[PDB]
Amino acid sequence: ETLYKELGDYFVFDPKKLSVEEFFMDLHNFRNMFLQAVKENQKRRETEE
Amino acid sequence: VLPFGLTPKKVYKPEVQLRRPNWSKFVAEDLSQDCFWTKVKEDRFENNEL
């Protein structure tokens, strides 16, 4: 509880009303979408070449 | 006078209205003293070609 409260001071993210698994999932889904967008830009540059 | 010594942001005037993302913005009252958003130095990424 103390280390999660130490996480609540570095990033604020409304610590009274925030679950933990929803915050990690949106970081994970943005990580998978950004890696998909880099490979789609490489595939678009391969098609344009 | 914004809290935590923050300057007001650069108000841009585009000639063409662009498609915009619509988020829930955090004002300087919403930010804390030791957060990430008070140390933002985004003007080093500024470019007219961008």
# chains A, B, ... in the order shown; residues from 1 in each chain; ligands from 1
$ interface_residues --of "chain B" --to "chain A" --cutoff "8 Å" --atoms "only C-alpha atoms" --output "count of residues only"
4
$ select_by_dssp --residues "chain B" --states "helix (DSSP H, G or I)" --output "MDAnalysis selection string"
chainID B and resid 3:5 37:39 42:45
$ atom_distance --atom1 "atom CA of residue B:38" --atom2 "atom CA of residue B:24"
17.2 Å
$ atom_distance --atom1 "atom CA of residue B:30" --atom2 "atom CA of residue B:17"
28.2 Å
$ residues_around --residues "stretch 45-49 of chain B" --least-positions-apart "2" --cutoff "12 Å" --atoms "only C-alpha atoms" --output "number ranges by chain"
B: 10, 12, 14, 40-43
$ atom_distance --atom1 "atom CA of residue B:44" --atom2 "atom CA of residue B:9"
13.6 Å
